[PDB]
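**Student:** The structure follows.
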Amino acid sequence: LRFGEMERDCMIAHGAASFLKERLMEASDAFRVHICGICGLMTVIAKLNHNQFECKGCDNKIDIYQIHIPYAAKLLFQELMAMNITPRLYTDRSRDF
Amino acid sequence: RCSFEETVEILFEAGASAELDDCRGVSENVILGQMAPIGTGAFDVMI
Amino acid sequence: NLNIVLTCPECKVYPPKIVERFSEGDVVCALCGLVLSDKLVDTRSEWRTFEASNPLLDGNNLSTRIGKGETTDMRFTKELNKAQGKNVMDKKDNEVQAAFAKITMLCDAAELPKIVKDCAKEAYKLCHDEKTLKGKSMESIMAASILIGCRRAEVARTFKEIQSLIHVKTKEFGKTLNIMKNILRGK
Amino acid sequence: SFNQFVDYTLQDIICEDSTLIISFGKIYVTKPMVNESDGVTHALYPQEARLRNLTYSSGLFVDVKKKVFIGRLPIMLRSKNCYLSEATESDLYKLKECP
Amino acid sequence: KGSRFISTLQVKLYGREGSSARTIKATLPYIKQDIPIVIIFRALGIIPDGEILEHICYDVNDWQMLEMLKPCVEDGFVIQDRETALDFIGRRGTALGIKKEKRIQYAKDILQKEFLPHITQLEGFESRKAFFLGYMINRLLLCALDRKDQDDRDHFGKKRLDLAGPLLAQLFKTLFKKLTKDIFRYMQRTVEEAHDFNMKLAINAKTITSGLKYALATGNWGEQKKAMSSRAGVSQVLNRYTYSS
Amino acid sequence: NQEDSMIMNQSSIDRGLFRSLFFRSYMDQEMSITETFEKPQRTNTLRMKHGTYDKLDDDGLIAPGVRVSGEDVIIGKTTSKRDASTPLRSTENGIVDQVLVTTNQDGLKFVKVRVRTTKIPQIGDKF
Amino acid sequence: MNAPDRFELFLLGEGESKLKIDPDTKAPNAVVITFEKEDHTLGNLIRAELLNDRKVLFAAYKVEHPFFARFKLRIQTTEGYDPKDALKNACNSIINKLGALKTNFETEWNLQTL
Amino acid sequence: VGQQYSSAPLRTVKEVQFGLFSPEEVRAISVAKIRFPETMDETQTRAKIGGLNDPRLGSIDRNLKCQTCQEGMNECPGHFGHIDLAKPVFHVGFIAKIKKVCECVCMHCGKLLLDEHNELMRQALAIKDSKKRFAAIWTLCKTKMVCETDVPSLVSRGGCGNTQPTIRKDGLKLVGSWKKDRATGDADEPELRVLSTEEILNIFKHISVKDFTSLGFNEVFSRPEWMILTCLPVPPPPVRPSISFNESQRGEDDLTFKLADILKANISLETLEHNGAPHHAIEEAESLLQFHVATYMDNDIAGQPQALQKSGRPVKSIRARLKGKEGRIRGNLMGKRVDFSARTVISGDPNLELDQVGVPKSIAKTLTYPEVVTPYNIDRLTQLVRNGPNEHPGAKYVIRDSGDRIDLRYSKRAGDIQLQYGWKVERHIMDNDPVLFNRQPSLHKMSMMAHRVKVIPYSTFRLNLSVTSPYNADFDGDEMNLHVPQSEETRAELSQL
Amino acid sequence: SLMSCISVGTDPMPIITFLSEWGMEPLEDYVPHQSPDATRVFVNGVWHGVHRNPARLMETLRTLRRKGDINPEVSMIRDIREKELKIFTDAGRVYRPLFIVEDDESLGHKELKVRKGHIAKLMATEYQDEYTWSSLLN
Amino acid sequence: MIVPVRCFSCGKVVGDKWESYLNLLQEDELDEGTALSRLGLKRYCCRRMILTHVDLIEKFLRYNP
Ligand SMILES: [Zn+2]
Ligand SMILES: [Zn+2]
Ligand SMILES: [Zn+2]
Ligand SMILES: [Zn+2]
Ligand SMILES: [Zn+2]
């Protein structure tokens, strides 16, 4: 069933933050993606068995992160790149500066 | 701004001018499916 | 090497149907009674007319053909209809297309059935390639795709009558009757 | 409105820039026909056409000067052309059509 | 009957209450501008002022209206003959190179077949059309002088309802035309071979039958176009839940 | 019966008050690549359904009297042998009323299976 | 499709006894007897008869929901008088009257012609 | 979530650095090369050519193969391909931007039209917003159409007094007018020419760091030279899926079609420049590659729509995907179809408590809740396991440590069952369970409220009447939604808030 | 509505003809200041001329509609004060039936043309299940 | 579509009374009102059953197969 825009706002109104994440993730879109620690892209080749990862063109074999995002999100980001836009994802609020 | 009317263009103008997103917005945490600075996500619980 | 399997893991049987389920999905074995993935792939839900395509010769793409009433094509229609009409000259574009368009004109006129009327036109595209004593006349092998096209039901033939129609019912029809017997015995 | 299209409008549509640089004359409309493979032309009825997923359409013949078949015009279930237009009550029940 | 061309004409009244010289202009099809009424009138044969204003104002004692027309004359006083009035169009959306001659005919053709197409599309009916343009401008000014209200858009006796007949008619045309044109194509190609009658013919069979079907079957009243939002769902599957429905 | 709900005499309902019939008809059609009505049995494909094929006859059609439900297979189709057969709609269930085997112009095998149920006024039924 | 079976209105299932006696906690000498597969017909008849006893301080009943055929009967009696006996007595008084009703009716019916 | 372990650390996204793909990085990232506009067939033989969707990208037919990453059509984040265009092409979303940059920088030497010398310019350079800088600087030097050699402090700067063009948008191109030869050379008319891509490239490649800074450009994440598409990224199979309706033919996607159109338009161009080059007759194919590359991303502009008669026409172009309502962001990211919901007609029940909700038995049996096997419950839980998914106080599925799922309706795991501690028992929604019940439209906090469950017969959601006005419902046939919290914290958040 | 119908379209020509045979001074020879009290006639949006004494024309026309000579569908509007007479023969005008009240009745006042005698003639057809609806229109 | 056996509200047998009612209309030449009352149908619940029933079955029977 549709848990569209409006239903979300109510949950935000109640302040029900965890429930909101379980609804928009754990029920529906829930996907795991590997990310380059350097260029926030989904360009990591996932070789789960030889622990081999690689980013190529970044040469990351060490600096790689795993995230939990909704598959629709993963699509939006990929479709952006498809349009030459880079949605770089970083795993630290401590902004560079 | 994505979530409202001028989605595509907003992203373009944002990509063009290298915008950094804090990710401290409710609507932004929803897109990434994480807890947001809402009631339950305004404090951190530790041991 | 591509190996794809659903083997339960716990009690390998090598191998048995695991169910498609009705609502839950995941194909749990009636053996170890475990799970495999989450499925999440509805094949019944194909792209309707509301994007899907059923190509029989190569791969269909399309270009231009603008008609949306937003801004008039006028100047731009001729800009793009000429520009796409220049491109259908680069690498032997004509031949299969000419054959299939002329094919749908000769059958439609005699009202040949689409389901098997189109079936024989696929046979022609298999016969136009391969080089086996065709002594090809275009019209000749067309009377083969006029016979197998009428093979759907006796729609217009009475194939002899459609042979007696128009031109070339004799020796050139003989070359063609042979080509069909050779194509049928070709595995 | 449909009887006006069959009887008049339709004949008027044939006569315009019809003559070529071949002229078309009177145009006739038979009662719904069935052109099927493996057999004769059959007289179609509303009921048969609804069950078999057919098009209740009739012969549209033209008189070409230098008689000639041109398409099928789906008929409005009760116009001058439809068999039901004249059918009686007992007839309708026999054609499996609600009176 | 026959084709059913829709080319609206617009007599505009430039200038609001109390502006400097309220001018009256008109919007023609396939022309990238507007032309003051006096000019179209002289282009129709009616040259002199007053003979023009006799086609508009139906009383010489109505100085009020005749006064409003004064600034109209002012525009056209640049042109005094049928040739220049046909020429003030300089054709239009066709222009650049051609000098005269070519353009004048484009104009004649427009005032014949594309301008006020109902009434008559023939040749020698200029006075009938001129008189109507007048009447149009009279109705325009009647509402500009506050003598008569604005036209009521919602008046039902000014609206129509296209049933089975008229719709099928539109379609039948398009498909009968696409037919007649394919005949011209199969007419060609045969550079000779003498007889070529058997080759032609039997086309109308399929083309018309699929077009009559496809529309009545879908709701797209256009055949493979759909870009024509006539697809608005004419021909819907019949309601059958209750007798009354 | 507040806010536009209504209490109904269950006893009248038992006597037939406001019962209705409900027919729903499913339908299906058919170079040397032809579809066929039949009772499939794998080979070697395996693309089949959860539904029960046991109620179907050899022609791939269910006979009238047969009572159906859930996802039961109403028409069996096959084309080496990928299934493409219309089961009954998941929530529905009733009794096969009639089956009809026709020919659409292009010598196609046409099949309409009608299914009948009787719907009795229940608590959520709108009046 | 969620409708219960019609016989669940008078046929006790598994682990359902006609009666369930639970001592009330509010008052003294008070008892809530749950009736299974019974409706107003009994509930109201037993309540009314229980009110005729001059040693009965309280007696009510209630179908807690129309969906399930079951009711509760609360009874409170004077010290020393068991509510269960009050119940019995009621039940008996009920059977007697009905007994009389039966014969008196049967007597009049015979005296009738048609 | 449901996938395999990883030695990679799990993290939360904290920043989103937006930018543009350098034609260098597109190649450095890519794995494909894409030569052929065909898809699968090789003399009929089914597979996939090194053209579209194949060389190293994801797959179809349930094949694990995918850039040595294995995993298969699930957990394969699609991988990006590569595709080199002949003559560089403009990007539809940036045309608008590209004019504004051209009108703001002088052609040839690629310098700003104004320096700190102009006091109006000084004020505009102090502003700290990409939006405001680039807009203020534009409005301040769009008028000027001469590259000043000398300005009063006369001071000296960039030397090349060439006249600037007055740029106008026509279709997918930029045409400019000049004003030169001082009424002696020629006679009167300007020099109307079309500004090609290769020109704009050099200009934008030759502008310096501090001219980027002045404009909304990072130099690292966005250089103006990248608003122009040299190298085009190819989106993997997961963005553009396949599979059909019958099962004997293709059944392809729209994006793929336009990508094939891009390739044909690109191949025929490379053809003319190597073999027979008929000069200014080639440009008729460049604007086609410009049209497809641009149309692949947008098909509502001011030019002309798209194909094809059949399919879903006109096509989609990524724009249509992302676009608000019924598309990604609106109908996929911030509004999803969630699991564990239920909908029915509602009715009044006056014997319910305010805070309850009558859930019809059937819905209770379908809706599940993942509770953890615990000494506090084993008895109750084990008992449910035995009641099975066809009796109300039962259960379906039983989860373990690893992640196996023992379907209970199919044969599960042997005889009397032996529940182990830590396992999870998806158990039917029982009485008193917290649930989020709502009626749409949800324009309130009141439209979304947690209720105590009460499992009843018949198939209608039954609610207390006093709860009527906050959902703004009545029982004329109103339907309502139900959601079941899945976590132990998530329950707490419904019964506490 | 229950009684509404729609115009199907008649030929305009036989009326345009009939007009100029009963006045209808053709628009070619119109002298506005010479005939001020004159009414201007319209057929299907076209101005076909002018006509003094439109009052007699009007009655003639309505009688021909009611006798059956001019198709009943055809609508005829006389805006007396406007000095205009518009005839429509267009296809697609919604229309409805009405009783006629023409006061032509010597035995007192204004009355409906239909009478009790026409009705027992109508009900006479009903009982046989020759007086139709058309016969009430004719 | 046939006479309802037993009225919905009362439950009194009503299916056995249709031909009797039809006869009292046609031949006896009575008014619906009295016809019902002579059949024992005194109360409006058991009365609307017969008065309101449309014997559609008589038209369904006219279909040949
Ligand atoms: Zn990297
Ligand atoms: Zn197993
Ligand atoms: Zn992968
Ligand atoms: Zn310069
Ligand atoms: Zn009754």
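We're sticking with Swiss-Prot numbering for chain A, so the shown stretch reads 1128-1224, in order.
Header entry for method reads X-ray crystallography, 3.8 Å.
Yeah, the Cβs are placed from backbone N, Cα and C, and that goes for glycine too.
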**Student:** For the zinc finger entry in Swiss-Prot, name the matching range from A:1163-1185, A:1186-1208.
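**Tutor:** Residues A:1163-1185 are the ones Swiss-Prot records as zinc finger.
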**Student:** Among A:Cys1163, A:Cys1166, A:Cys1182, A:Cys1185, please name the binding-site residues whose Cβ is nearer than 6 Å to ligand 3.
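**Tutor:** Not one meets the Cβ criterion.
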**Student:** DSSP on A:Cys1163 (Zn(2+) binding site), three-state: which is it?
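**Tutor:** The three-state answer is strand.
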**Student:** When you tally the Cβ atoms that lie within 10 Å of each candidate's Cβ, which of the binding-site residues (A:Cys1163, A:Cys1166, A:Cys1185) has the highest tally?
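**Tutor:** Result of the Cβ crowding comparison: A:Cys1163.
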**Student:** Taking the centroid of the Cβ atoms of A:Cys1163, A:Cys1166, A:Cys1182, A:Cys1185 (Zn(2+) site), which other same-chain residues have Cβ within 8 Å of it?
**Tutor:** A:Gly1164, A:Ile1165, A:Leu1168, A:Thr1170, A:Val1171, A:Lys1183, A:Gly1184, A:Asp1186, A:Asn1187, A:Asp1190
**Student:** How many other Cβ atoms sit within 10 Å of the Cβ of A:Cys1182 (Zn(2+) binding site)?
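**Tutor:** Its Cβ has 23 other Cβ atoms within 10 Å.
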